[PDB]
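Participant: Input: one structure, supplied below.
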Amino acid sequence: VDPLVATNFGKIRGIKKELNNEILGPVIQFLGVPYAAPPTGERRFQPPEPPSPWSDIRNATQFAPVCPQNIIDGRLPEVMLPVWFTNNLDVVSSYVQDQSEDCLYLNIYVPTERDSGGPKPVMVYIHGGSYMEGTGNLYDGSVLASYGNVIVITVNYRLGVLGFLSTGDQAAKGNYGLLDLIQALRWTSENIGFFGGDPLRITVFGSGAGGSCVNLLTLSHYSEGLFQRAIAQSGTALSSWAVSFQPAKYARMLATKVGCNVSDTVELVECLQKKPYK
Amino acid sequence: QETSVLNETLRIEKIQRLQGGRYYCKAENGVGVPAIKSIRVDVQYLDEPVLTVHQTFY
Ligand SMILES: *[C@@H]1O[C@H](CO)[C@@H](O)[C@H](O)[C@H]1NC(C)=O
């Protein structure tokens with residue numbers, strides 16, 4: 001009916017969803033749930049910070065804005081993205097038309113029901129085409145959750161420049177997008193129990209660059225105890241496009257393009273932090 | 001080409017690519033084994049070159 005759950009950060013209201021299938025039971029959706037603080041201002045090109053609490057009932061009945069991106073045939077790479085994505089950009093475009101730098105939100109799909117009893121497993125989907133675009137909002141976990149009797153989570157992390165820019169030194173260490181994912185997993189571990197999830201059985205899965213993300217997370221000590229299993233579909237950490245080996249090179253090209261190319265890498269990053277994300 | 005000429009001299013005027021190949025002169029008289037000698041005629045040439053071009057992440 002009216003799905004309300006109290007988390008460590010406040011009360012959240014969900015929304016019931018019926019599936020177009022008579023055997024599948026309905027599900028509860030929590031859309032636009034903040035799992036970290038907005039990466040704006042001095043928090044741009046910086047690790048994620050925990051989200052701020054709220055005292056009232058926060059609504060989670062609609063997707064939050066997606067992270068900044070330009071997929072309107074803005075010279076995207078077709079060889080890396082899934083064919084279903086590139087062959088249907090008009091529909092895909094509708095999912096990312098509403099953008100904001102404040103985009104660190106996740107979505108939760110909870111089944112309304114089987115056999116063995118106890119806390120249900122949590123499956124966290126990590127999307128990714130080329131690290132520059134996309135959103136977890138494109139993947140409805142309703143059926144997977146309802147059919148398998150598991151909790152499904154989709155995550156939105158900082159993309160492209162905002163999520164991975166690195167100067168090759170301490171000015172900008174990069175991997176902000178990965179840190180958001182780690183932070184999202186942290187939030188899940190700490191709050192999914194309130195939704196009936198098992199933090200001891202968290203599985204991360206993703207396809208394409210999303211699959212690359214999954215493997216990279218398994219090589220980081222930051223993932224210890226966070227999750228227990230991983231599923232990597234058509235994506236690894238060993239492919240040519242999984243990692244950026246010349247971040248500094250591209251960081252300066254961007255800076256030159258926006259008038260921020262100074263000798264000092266620290267001043268360069270501060271200059272970028274003053275620029276509009278667009 | 002099917003080219004059997006009874007002549008101690010082989011003559012091909014205005015030779016062509018195809019007229020090239022290996023020729024053998026056979027000589028017999030009844031006494032013993034016929035005499036054979038081989039030679040490779042290697043007609044040479046250089047036609048006009050053809051130049052084509054093709055266009056072609058991101
Ligand atoms: C042999 O051929 C040459 C030219 O090919 C000709 O002048 C000559 O008369 C011929 N003689 C005989 C015996 O075949």
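Following the order of the structure tokens, first chain is A, next is B, and so on, with residues numbered from 1 inside each chain and ligands from 1 in the order they appear.
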Kindly work out which residues sit at most 7 Å from ligand 1, using only C-alpha atoms and all ligand atoms, and give the list as an MDAnalysis selection string.

Facilitator: chainID B and resid 6:11

Participant: Got a sec to pull out which chain A residues are within 9 Å of chain B, counting only C-alpha atoms, and send them as an NGL selection string?

Facilitator: :A and (75-80)

Participant: Save out the residues we just selected, N, CA, C and O atoms, as an mmCIF file, in the first residue's frame.

Facilitator:
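selection32.cif written:
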```
data_model
loop_
_atom_site.group_PDB
_atom_site.id
_atom_site.type_symbol
_atom_site.label_atom_id
_atom_site.label_comp_id
_atom_site.auth_asym_id
_atom_site.auth_seq_id
_atom_site.Cartn_x
_atom_site.Cartn_y
_atom_site.Cartn_z
ATOM 1 N N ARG A 75 29.012 12.594 -30.715
ATOM 2 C CA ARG A 75 30.213 11.812 -30.978
ATOM 3 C C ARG A 75 30.463 10.726 -29.928
ATOM 4 O O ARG A 75 31.548 10.644 -29.349
ATOM 5 N N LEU A 76 29.446 9.907 -29.675
ATOM 6 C CA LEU A 76 29.556 8.801 -28.722
ATOM 7 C C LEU A 76 30.140 7.578 -29.433
ATOM 8 O O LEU A 76 30.068 7.484 -30.658
ATOM 9 N N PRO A 77 30.729 6.635 -28.674
ATOM 10 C CA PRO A 77 31.326 5.485 -29.351
ATOM 11 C C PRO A 77 30.415 4.260 -29.397
ATOM 12 O O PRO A 77 30.133 3.633 -28.376
ATOM 13 N N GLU A 78 29.989 3.918 -30.609
ATOM 14 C CA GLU A 78 29.043 2.831 -30.839
ATOM 15 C C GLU A 78 29.622 1.446 -30.580
ATOM 16 O O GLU A 78 28.893 0.518 -30.225
ATOM 17 N N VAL A 79 30.930 1.307 -30.759
ATOM 18 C CA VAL A 79 31.589 0.016 -30.590
ATOM 19 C C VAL A 79 31.629 -0.432 -29.131
ATOM 20 O O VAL A 79 31.821 -1.617 -28.853
ATOM 21 N N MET A 80 31.433 0.499 -28.203
ATOM 22 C CA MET A 80 31.496 0.161 -26.786
ATOM 23 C C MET A 80 30.113 0.008 -26.173
ATOM 24 O O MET A 80 29.931 -0.760 -25.229
#
```

Participant: Show which residues sit within 12 Å of region 45-48 of chain B, as a PyMOL selection string. Count only C-alpha atoms, and ignore same-chain residues fewer than 4 positions away.

Facilitator: chain B and resi 15-18+20

Participant: Keeping C-alpha atoms for every residue in the selection just given, could you write it to a file as a JSON list (two decimals), in the first residue's frame?

Facilitator:
```json
[["chain", "number", "residue", "atom", "x", "y", "z"],
["B", 15, "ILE", "CA", 55.37, -11.62, -78.91],
["B", 16, "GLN", "CA", 52.65, -11.38, -76.26],
["B", 17, "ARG", "CA", 52.26, -12.24, -72.57],
["B", 18, "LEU", "CA", 50.50, -15.51, -73.25],
["B", 20, "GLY", "CA", 55.47, -16.81, -73.12]]
```

Participant: Would you pick out the contacts of region 44-52 of chain A at 6 Å or less, using only C-alpha atoms, so that residues sharing its chain but fewer than 2 positions from it are not included, and give the list as a list in words?

Facilitator: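 The residues satisfying every condition are residues 35, 36, 37, 39, 40, 41, 42, 176 and 180 of chain A.
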
Participant: Could you please take those selected residues and save C-alpha atoms as a tab-separated table (two decimals), in the first residue's frame?

Facilitator:
```tsv
chain	number	residue	atom	x	y	z
A	35	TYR	CA	23.02	7.76	-0.88
A	36	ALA	CA	25.60	10.56	-0.77
A	37	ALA	CA	25.88	14.35	-0.59
A	39	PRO	CA	29.18	16.51	-5.46
A	40	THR	CA	28.93	20.24	-6.17
A	41	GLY	CA	31.11	23.23	-5.33
A	42	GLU	CA	34.23	22.21	-3.42
A	176	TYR	CA	35.21	9.60	-8.25
A	180	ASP	CA	30.31	6.87	-5.49
```

Participant: Please list as a VMD selection string every residue within 7 Å of region 97-110 of chain A, counting only C-alpha atoms and excluding residues in the same chain fewer than 4 positions away.

Facilitator: chain A and resid 27 to 36 38 to 40 64 to 68 93 141 to 142 145 151 to 157

Participant: Include C-alpha atoms and write out the residues we just selected as an mmCIF file, in the first residue's frame.

Facilitator:
```cif
data_model
loop_
_atom_site.group_PDB
_atom_site.id
_atom_site.type_symbol
_atom_site.label_atom_id
_atom_site.label_comp_id
_atom_site.auth_asym_id
_atom_site.auth_seq_id
_atom_site.Cartn_x
_atom_site.Cartn_y
_atom_site.Cartn_z
ATOM 1 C CA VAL A 27 6.789 -4.698 -6.184
ATOM 2 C CA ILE A 28 7.719 -1.677 -4.107
ATOM 3 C CA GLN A 29 9.844 1.016 -5.736
ATOM 4 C CA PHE A 30 11.939 3.646 -3.964
ATOM 5 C CA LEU A 31 13.072 6.096 -6.633
ATOM 6 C CA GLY A 32 15.560 8.938 -6.224
ATOM 7 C CA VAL A 33 17.001 7.885 -2.874
ATOM 8 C CA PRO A 34 20.077 9.953 -1.920
ATOM 9 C CA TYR A 35 23.023 7.757 -0.875
ATOM 10 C CA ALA A 36 25.604 10.559 -0.766
ATOM 11 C CA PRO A 38 25.726 16.409 -3.811
ATOM 12 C CA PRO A 39 29.179 16.510 -5.461
ATOM 13 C CA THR A 40 28.928 20.240 -6.169
ATOM 14 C CA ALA A 64 16.010 11.798 -9.663
ATOM 15 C CA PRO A 65 17.968 13.737 -12.290
ATOM 16 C CA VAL A 66 20.751 11.836 -14.036
ATOM 17 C CA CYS A 67 24.414 12.802 -14.082
ATOM 18 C CA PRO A 68 25.581 15.320 -16.739
ATOM 19 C CA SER A 93 17.430 10.234 -24.612
ATOM 20 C CA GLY A 141 14.581 -4.288 -11.684
ATOM 21 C CA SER A 142 10.910 -4.938 -10.958
ATOM 22 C CA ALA A 145 13.087 -8.720 -8.016
ATOM 23 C CA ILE A 151 16.000 -7.016 -3.824
ATOM 24 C CA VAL A 152 17.331 -5.156 -6.854
ATOM 25 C CA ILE A 153 19.174 -1.847 -6.701
ATOM 26 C CA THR A 154 20.195 0.413 -9.577
ATOM 27 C CA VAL A 155 22.791 3.124 -8.986
ATOM 28 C CA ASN A 156 23.682 6.468 -10.539
ATOM 29 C CA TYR A 157 27.326 7.550 -10.285
#
```

Participant: Mind pulling up the distance from CA of residue 125 (chain A) to CA of residue 61 (chain A)?

Facilitator: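 Pair CA of residue 61 (chain A) / CA of residue 125 (chain A) returns 19.4 Å.
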
Participant: Of the candidates A:8, A:220, A:69, A:130, which shows the shortest atom-to-atom distance to residue 242 (chain A), using only C-alpha atoms?

Facilitator: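 So, comparing all the options, the nearest one is A:130.
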